[PDB]
Structure formats: structure tokens, C-alpha cells
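**Student:** The structure follows.
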Amino acid sequence: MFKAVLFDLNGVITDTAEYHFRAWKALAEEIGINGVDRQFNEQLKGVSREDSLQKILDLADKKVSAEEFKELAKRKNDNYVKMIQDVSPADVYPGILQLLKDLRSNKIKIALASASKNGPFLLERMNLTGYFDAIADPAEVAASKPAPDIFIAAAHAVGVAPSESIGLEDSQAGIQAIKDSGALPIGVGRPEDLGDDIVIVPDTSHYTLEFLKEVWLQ
Ligand SMILES: O=P(O)(O)O[C@@H]1O[C@H](CO)[C@@H](O)[C@H](O)[C@H]1O
Ligand code: ALF
Ligand SMILES: [Mg+2]
Ligand SMILES: [Mg+2]
């Protein structure tokens with residue numbers, strides 16, 4: 001059987017993308033940059049804070065000092081952290097808590113493979129920390145999806161080969177990252193968006209231990 005499940009955060013466990021959009025758009029507008037729209041933000045799925053900011057600067061060919069860059073990223077992050085202060089166990093997506101319980105009871109390792117450095121805070125707010133055997137640290141493993149690095153790191157963090165792992169993802173870049181790690185992807189979303197070549201479920205209530213085992217056996 002598969003020996004680990006490697007979880008993306010946003011769009012899988014819960015979704016805080018709206019708050020990232022609001023905060024990046026506010027930052028861009030404060031510094032006179034146009035183009036941070038919903039289409040642009042959908043392209044930031046699985047993308048590090050620093051790569052995200054650079055994409056925004058690139059809209060206007062804006063050059064900033066390293067210190068200015070750090071301050072811009074901090075300003076946006078502070079705003080986003082204020083926006084997520086009310087996240088609680090209520091925000092957990094359907095099926096996810098039961099899946100975590102079932103994986104743990106079956107002695108299957110659980111790791112977070114998110115690009116967001118806010119992962120630990122979010123898991124704590126949602127009362128999920130105790131289910132996670134490890135959290136891959138994007139400050140140590142900074143490559144944005146679709147690079148496989150974060151998933152490889154998550155598997156190493158629980159002592160399981162990626163080839164013996166399942167990855168759960170809601171984004172194109174994240175699915176590719178899982179593929180290139182060697183793990184088996186199961187997407188959540190639409191096949192039009194995420195592919196007709198892998199198993200996709202329409203929402204997270206379909207992520208059950210039984211379903212993961214069915215997919216693994218096929
Ligand atoms: O600022 P962190 O929370 O570290 O990173 C975030 O990660 C998000 C992906 O989960 C991405 O969409 C954001 O643009 C990025 O700021
Ligand atoms: F939390 Al993600 F790709 F949605 F790392
Ligand atoms: Mg995601
Ligand atoms: Mg989706």
C-alpha cells in the first residue's frame with residue numbers, strides 16, 4: 001500500500017486564496033502596479049511569497065532594492081495574516097479531517113507539501129497540527145511549484161519514497177510537481193483544468209481512505 005500522503009494546503013485542506021488575492025492586489029495598487037487580477041492570482045497557486053512578489057513587479061518592469069523587496073513582501077504578509085485570524089476548525093474542507101484520522105489509524109504518514117510559509121499557523125488554527133508527521137519548510141525548500149522539490153522534501157520528511165506516496169492537489173502546477181516527484185497525484189477540481197490523464201475528484205468529500213486505496217490499486 002502507499003505509505004504516505006503529501007497534502008497541498010490551499011484548495012485541499014481549506015482555501016485562503018481569496019485573502020492572498022486581496023492582499024497582493026492591495027499591495028500592487030499601493031505601489032502603482034496594474035494587472036493583479038483574479039486571472040493573475042490563479043497563476044500564483046503553489047508559488048512562493050518571493051516568486052509571487054517578483055511576478056507582480058514584472059507587470060510594470062519595476063526594479064526595487066533587496067531591502068525594498070523584503071519590506072513589500074512583509075507588508076503583504078502582515079496584511080494576509082490579519083485576514084486569516086478568524087480561521088478555525090470550521091474552515092476545514094469536507095472529508096479532510098476524517099481522511100487524516102483514517103490515515104493515522106492505518107499508520108500511513110501525513111506530510112504538508114505547501115509553498116506557503118503560513119502552513120504551520122493555519123494547521124494550528126484548524127486544530128490539525130497533531131495529524132501531521134511533518135511539514136516541508138518552504139524557507140528551506142523554496143522552489144515554487146511546478147518544481148517537485150516541495151513534494152520530494154515532504155516525502156523525505158516522513159521517511160517514505162515519493163514513489164510510495166500519494167499527493168493531493170487542486171492546481172495544474174501542483175499536479176505537475178507531484179508527477180515530477182514520482183508520487184501519485186489525485187486532483188480536486190475539474191478534468192478540463194487539471195487533466196483527463198489522472199484521477200480527479202469534484203470536491204474533497206471524495207478524498208476517503210477507501211478511494212485513495214482504490215486509486216493506488218489501479
Ligand atoms: O506568503 P506565503 O503564505 O508564505 O506564500 C504564499 O503561498 C501561496 C500558495 O499557498 C501563494 O499563492 C501566495 O502568493 C504566497 O504569498
Ligand atoms: F498550498 Al499550495 F499549492 F495550494 F502549496
Ligand atoms: Mg492548492
Ligand atoms: Mg479548484
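By order in the C-alpha cells, chains are A, B, ...; within a chain, residues start at 1; ligands start at 1, following the order shown.
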Extract, using only C-alpha atoms, all DNA, RNA and protein residues at most 10 Å from residue A:12, discarding same-chain residues fewer than 4 positions from it, and format them as a ChimeraX atom specification.
**Tutor:** /A:7-8,92-96,168-171,187-189,203-204,207
**Student:** Could you save those same residues with C-alpha atoms as a compact mmCIF listing (two decimals), in the first residue's frame?
**Tutor:**
```txt
# COMPACT_ATOMS: atom_id res chain seq x y z
CA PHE A 7 -1.04 17.35 1.13
CA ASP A 8 -1.14 20.69 -0.61
CA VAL A 92 -11.55 22.57 7.21
CA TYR A 93 -12.84 21.23 3.90
CA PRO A 94 -15.25 18.23 3.83
CA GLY A 95 -13.69 14.81 4.17
CA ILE A 96 -10.31 16.13 5.21
CA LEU A 168 -3.34 15.69 -3.16
CA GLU A 169 -3.58 18.90 -5.19
CA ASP A 170 -6.02 21.41 -6.66
CA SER A 171 -3.69 23.16 -9.18
CA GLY A 187 -6.56 16.09 -8.12
CA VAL A 188 -9.58 18.00 -6.83
CA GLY A 189 -11.33 20.20 -9.36
CA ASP A 203 -14.60 18.12 -4.24
CA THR A 204 -12.70 16.99 -1.18
CA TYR A 207 -10.96 12.01 -0.64
```
**Student:** Show me, as a PyMOL selection string, the residues that have an atom within 7 Å of stretch 68-82 of chain A when counting only C-alpha atoms, minus same-chain residues fewer than 4 positions from it.
**Tutor:** chain A and resi 19-20+23-24+27+49-50+53+64
**Student:** Those selected residues, please, written with C-alpha atoms and delivered as an mmCIF file, in the first residue's frame.
**Tutor:**
```cif
data_model
loop_
_atom_site.group_PDB
_atom_site.id
_atom_site.type_symbol
_atom_site.label_atom_id
_atom_site.label_comp_id
_atom_site.auth_asym_id
_atom_site.auth_seq_id
_atom_site.Cartn_x
_atom_site.Cartn_y
_atom_site.Cartn_z
ATOM 1 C CA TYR A 19 -7.087 36.525 1.187
ATOM 2 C CA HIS A 20 -3.829 36.211 -0.803
ATOM 3 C CA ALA A 23 -3.514 41.301 -0.029
ATOM 4 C CA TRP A 24 -1.398 41.108 -3.229
ATOM 5 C CA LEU A 27 -0.013 45.900 -2.330
ATOM 6 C CA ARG A 49 5.817 34.531 -1.479
ATOM 7 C CA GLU A 50 9.016 35.836 -3.096
ATOM 8 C CA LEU A 53 6.065 39.352 -5.494
ATOM 9 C CA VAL A 64 13.425 47.526 -6.307
#
```
**Student:** Residues contacting ligand 2 - anything with an atom at most 7 Å away, using only C-alpha atoms and all ligand atoms - can you give me those as a list in words?
**Tutor:**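 Residues satisfying the distance criterion: residues 8, 9, 10, 11, 45, 46, 47, 113, 114, 115, 116, 145, 169, 170, 171 and 174 of chain A.
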**Student:** Can you list, as a ChimeraX atom specification, every protein, DNA or RNA residue that comes within 10 Å of residue A:123 when you count only C-alpha atoms, leaving out same-chain residues fewer than 2 positions away?
**Tutor:** /A:9,13-14,87-89,92,112,118-121,125-132,135
**Student:** Store the residues picked out above in a file with N, CA, C and O atoms, as a PDB file, in the first residue's frame.
**Tutor:**
```pdb
ATOM      1  N   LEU A   9      -1.902  22.599   0.721  1.00  0.00           N
ATOM      2  CA  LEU A   9      -2.713  23.319   1.691  1.00  0.00           C
ATOM      3  C   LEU A   9      -3.934  23.947   0.985  1.00  0.00           C
ATOM      4  O   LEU A   9      -5.087  23.531   1.146  1.00  0.00           O
ATOM      5  N   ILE A  13      -6.884  21.382   2.032  1.00  0.00           N
ATOM      6  CA  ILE A  13      -7.262  21.359   3.431  1.00  0.00           C
ATOM      7  C   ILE A  13      -8.306  22.420   3.795  1.00  0.00           C
ATOM      8  O   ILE A  13      -9.243  22.182   4.560  1.00  0.00           O
ATOM      9  N   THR A  14      -8.078  23.602   3.224  1.00  0.00           N
ATOM     10  CA  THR A  14      -9.049  24.708   3.268  1.00  0.00           C
ATOM     11  C   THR A  14      -8.622  25.580   2.063  1.00  0.00           C
ATOM     12  O   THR A  14      -7.764  25.185   1.288  1.00  0.00           O
ATOM     13  N   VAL A  87      -9.652  32.119  10.991  1.00  0.00           N
ATOM     14  CA  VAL A  87      -9.667  30.719  10.539  1.00  0.00           C
ATOM     15  C   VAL A  87      -9.656  29.799  11.751  1.00  0.00           C
ATOM     16  O   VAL A  87      -8.960  30.053  12.720  1.00  0.00           O
ATOM     17  N   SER A  88     -10.467  28.752  11.683  1.00  0.00           N
ATOM     18  CA  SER A  88     -10.679  27.851  12.817  1.00  0.00           C
ATOM     19  C   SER A  88     -10.873  26.432  12.297  1.00  0.00           C
ATOM     20  O   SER A  88     -10.857  26.201  11.081  1.00  0.00           O
ATOM     21  N   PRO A  89     -11.172  25.459  13.179  1.00  0.00           N
ATOM     22  CA  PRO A  89     -11.516  24.139  12.700  1.00  0.00           C
ATOM     23  C   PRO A  89     -12.748  24.149  11.764  1.00  0.00           C
ATOM     24  O   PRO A  89     -12.913  23.235  10.958  1.00  0.00           O
ATOM     25  N   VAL A  92     -12.073  23.765   7.847  1.00  0.00           N
ATOM     26  CA  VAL A  92     -11.552  22.573   7.212  1.00  0.00           C
ATOM     27  C   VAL A  92     -12.527  22.053   6.146  1.00  0.00           C
ATOM     28  O   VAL A  92     -13.735  21.916   6.409  1.00  0.00           O
ATOM     29  N   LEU A 112       2.699  17.855   5.036  1.00  0.00           N
ATOM     30  CA  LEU A 112       2.289  19.042   4.284  1.00  0.00           C
ATOM     31  C   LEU A 112       3.360  19.426   3.283  1.00  0.00           C
ATOM     32  O   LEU A 112       4.552  19.517   3.589  1.00  0.00           O
ATOM     33  N   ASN A 118       2.937  30.125   5.760  1.00  0.00           N
ATOM     34  CA  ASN A 118       1.823  30.218   6.706  1.00  0.00           C
ATOM     35  C   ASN A 118       1.166  28.870   7.006  1.00  0.00           C
ATOM     36  O   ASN A 118       0.221  28.820   7.751  1.00  0.00           O
ATOM     37  N   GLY A 119       1.700  27.776   6.415  1.00  0.00           N
ATOM     38  CA  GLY A 119       1.144  26.459   6.656  1.00  0.00           C
ATOM     39  C   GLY A 119       1.030  26.077   8.130  1.00  0.00           C
ATOM     40  O   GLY A 119      -0.043  25.672   8.587  1.00  0.00           O
ATOM     41  N   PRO A 120       2.140  26.176   8.905  1.00  0.00           N
ATOM     42  CA  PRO A 120       2.045  25.776  10.298  1.00  0.00           C
ATOM     43  C   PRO A 120       0.992  26.565  11.077  1.00  0.00           C
ATOM     44  O   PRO A 120       0.212  25.980  11.845  1.00  0.00           O
ATOM     45  N   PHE A 121       0.942  27.888  10.879  1.00  0.00           N
ATOM     46  CA  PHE A 121      -0.059  28.702  11.575  1.00  0.00           C
ATOM     47  C   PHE A 121      -1.480  28.277  11.228  1.00  0.00           C
ATOM     48  O   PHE A 121      -2.365  28.111  12.093  1.00  0.00           O
ATOM     49  N   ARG A 125      -4.370  26.807  13.655  1.00  0.00           N
ATOM     50  CA  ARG A 125      -5.711  27.397  13.780  1.00  0.00           C
ATOM     51  C   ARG A 125      -6.835  26.403  13.539  1.00  0.00           C
ATOM     52  O   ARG A 125      -7.909  26.486  14.118  1.00  0.00           O
ATOM     53  N   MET A 126      -6.593  25.476  12.606  1.00  0.00           N
ATOM     54  CA  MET A 126      -7.593  24.459  12.277  1.00  0.00           C
ATOM     55  C   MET A 126      -7.536  23.224  13.159  1.00  0.00           C
ATOM     56  O   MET A 126      -8.291  22.284  12.941  1.00  0.00           O
ATOM     57  N   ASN A 127      -6.662  23.206  14.186  1.00  0.00           N
ATOM     58  CA  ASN A 127      -6.509  22.070  15.101  1.00  0.00           C
ATOM     59  C   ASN A 127      -6.124  20.776  14.363  1.00  0.00           C
ATOM     60  O   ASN A 127      -6.589  19.678  14.688  1.00  0.00           O
ATOM     61  N   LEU A 128      -5.231  20.925  13.391  1.00  0.00           N
ATOM     62  CA  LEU A 128      -4.750  19.813  12.588  1.00  0.00           C
ATOM     63  C   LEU A 128      -3.311  19.406  12.830  1.00  0.00           C
ATOM     64  O   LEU A 128      -2.873  18.384  12.317  1.00  0.00           O
ATOM     65  N   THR A 129      -2.572  20.228  13.574  1.00  0.00           N
ATOM     66  CA  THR A 129      -1.127  20.013  13.726  1.00  0.00           C
ATOM     67  C   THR A 129      -0.770  18.585  14.154  1.00  0.00           C
ATOM     68  O   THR A 129       0.176  17.977  13.617  1.00  0.00           O
ATOM     69  N   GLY A 130      -1.544  18.027  15.061  1.00  0.00           N
ATOM     70  CA  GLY A 130      -1.208  16.718  15.602  1.00  0.00           C
ATOM     71  C   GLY A 130      -1.349  15.580  14.611  1.00  0.00           C
ATOM     72  O   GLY A 130      -0.812  14.489  14.851  1.00  0.00           O
ATOM     73  N   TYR A 131      -2.084  15.763  13.515  1.00  0.00           N
ATOM     74  CA  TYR A 131      -2.145  14.739  12.465  1.00  0.00           C
ATOM     75  C   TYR A 131      -0.924  14.700  11.570  1.00  0.00           C
ATOM     76  O   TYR A 131      -0.709  13.720  10.866  1.00  0.00           O
ATOM     77  N   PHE A 132      -0.190  15.806  11.487  1.00  0.00           N
ATOM     78  CA  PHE A 132       0.919  15.902  10.525  1.00  0.00           C
ATOM     79  C   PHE A 132       2.216  15.367  11.092  1.00  0.00           C
ATOM     80  O   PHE A 132       2.719  15.880  12.087  1.00  0.00           O
ATOM     81  N   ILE A 135       5.985  18.832   8.171  1.00  0.00           N
ATOM     82  CA  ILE A 135       5.656  19.937   7.317  1.00  0.00           C
ATOM     83  C   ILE A 135       6.921  20.315   6.557  1.00  0.00           C
ATOM     84  O   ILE A 135       7.919  20.686   7.186  1.00  0.00           O
TER      85      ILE A 135
END
```
**Student:** At a cut-off of 8 Å, using only C-alpha atoms, what residues contact residue A:21? Leave out same-chain residues fewer than 3 positions from it and give the result as a CSV table (one decimal) with C-alpha atoms, in the first residue's frame.
**Tutor:**
```csv
chain,number,residue,atom,x,y,z
A,17,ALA,CA,-6.6,32.2,-1.9
A,18,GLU,CA,-9.1,35.0,-1.6
A,24,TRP,CA,-1.4,41.1,-3.2
A,25,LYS,CA,-3.8,43.3,-5.1
A,37,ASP,CA,-6.5,40.5,-11.2
A,38,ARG,CA,-8.1,37.2,-10.5
A,41,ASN,CA,-3.8,35.3,-8.9
```
**Student:** I'd like to know which of A:100, A:193, A:15, A:122 is closest to ligand 3, using only C-alpha atoms and all ligand atoms.
**Tutor:** A:15
**Student:** Taking 4 positions as the minimum chain separation for residues in the same chain, which residues sit within 8 Å of stretch 155-160 of chain A when counting only C-alpha atoms? Answer as a list in words.
**Tutor:** residues 3, 4, 6, 109, 110, 111, 133, 134, 135, 136, 151, 164 and 165 of chain A
**Student:** With only C-alpha atoms and all ligand atoms as the basis for distance, which of A:147, A:29, A:84, A:42 is at the shortest distance from ligand 3?
**Tutor:**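 Smallest separation from ligand 3 among the options: A:42.
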**Student:** Tell me which protein, DNA and RNA residues are within 9 Å of residue A:179, counting only C-alpha atoms, leaving out same-chain ones fewer than 5 positions away, and put them as a PDB file with N, CA and C atoms, in the first residue's frame.
**Tutor:**
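Here's the written file out26.pdb:
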```pdb
ATOM      1  N   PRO A 148       9.284  19.941  -8.366  1.00  0.00           N
ATOM      2  CA  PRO A 148       8.823  18.876  -7.479  1.00  0.00           C
ATOM      3  C   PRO A 148       9.392  18.964  -6.060  1.00  0.00           C
ATOM      4  N   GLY A 167      -0.031  12.243  -3.657  1.00  0.00           N
ATOM      5  CA  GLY A 167      -0.092  13.704  -3.484  1.00  0.00           C
ATOM      6  C   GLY A 167      -1.497  14.179  -3.798  1.00  0.00           C
ATOM      7  N   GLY A 174       0.678  22.216  -9.215  1.00  0.00           N
ATOM      8  CA  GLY A 174       0.875  21.247  -8.162  1.00  0.00           C
ATOM      9  C   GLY A 174       0.786  19.801  -8.679  1.00  0.00           C
ATOM     10  N   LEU A 184       2.021   9.710  -6.724  1.00  0.00           N
ATOM     11  CA  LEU A 184       0.826   9.505  -7.483  1.00  0.00           C
ATOM     12  C   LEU A 184      -0.140  10.663  -7.173  1.00  0.00           C
ATOM     13  N   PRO A 185      -0.528  11.476  -8.189  1.00  0.00           N
ATOM     14  CA  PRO A 185      -1.442  12.592  -7.925  1.00  0.00           C
ATOM     15  C   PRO A 185      -2.890  12.153  -7.919  1.00  0.00           C
TER      16      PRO A 185
END
```
**Student:** As a compact mmCIF listing (two decimals) with C-alpha atoms, in the first residue's frame, please: every residue in stretch 171-200 of chain A that DSSP puts in helix (DSSP H, G or I).
**Tutor:**
```txt
# COMPACT_ATOMS: atom_id res chain seq x y z
CA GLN A 172 -2.08 22.45 -12.53
CA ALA A 173 1.34 23.45 -11.24
CA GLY A 174 0.87 21.25 -8.16
CA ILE A 175 -0.20 18.21 -10.19
CA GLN A 176 2.93 18.57 -12.30
CA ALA A 177 5.05 18.92 -9.17
CA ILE A 178 3.59 15.66 -7.83
CA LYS A 179 4.21 13.87 -11.16
CA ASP A 180 7.82 15.03 -11.30
CA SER A 181 8.41 13.95 -7.68
CA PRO A 191 -10.72 17.47 -15.53
CA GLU A 192 -10.91 20.37 -18.06
CA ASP A 193 -8.47 22.25 -15.81
CA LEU A 194 -6.37 19.54 -14.19
```
**Student:** Quick one: pick out all strand (DSSP E or B) residues within stretch 4-102 of chain A from a backbone DSSP run and write them as a list in words.
**Tutor:**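 Filtering stretch 4-102 of chain A to strand (DSSP E or B) leaves residues 4, 5, 6, 7, 10 and 14 of chain A.
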**Student:** Pick out the closest residue to ligand 1 from this set: A:117, A:213, A:101, A:107. Count only C-alpha atoms and all ligand atoms.
**Tutor:**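 Among the listed residues, the smallest separation from ligand 1 belongs to A:117.
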**Student:** Have a look at A:32, A:190, A:218, A:198 and name the one nearest to ligand 4; count only C-alpha atoms and all ligand atoms.
**Tutor:** A:190
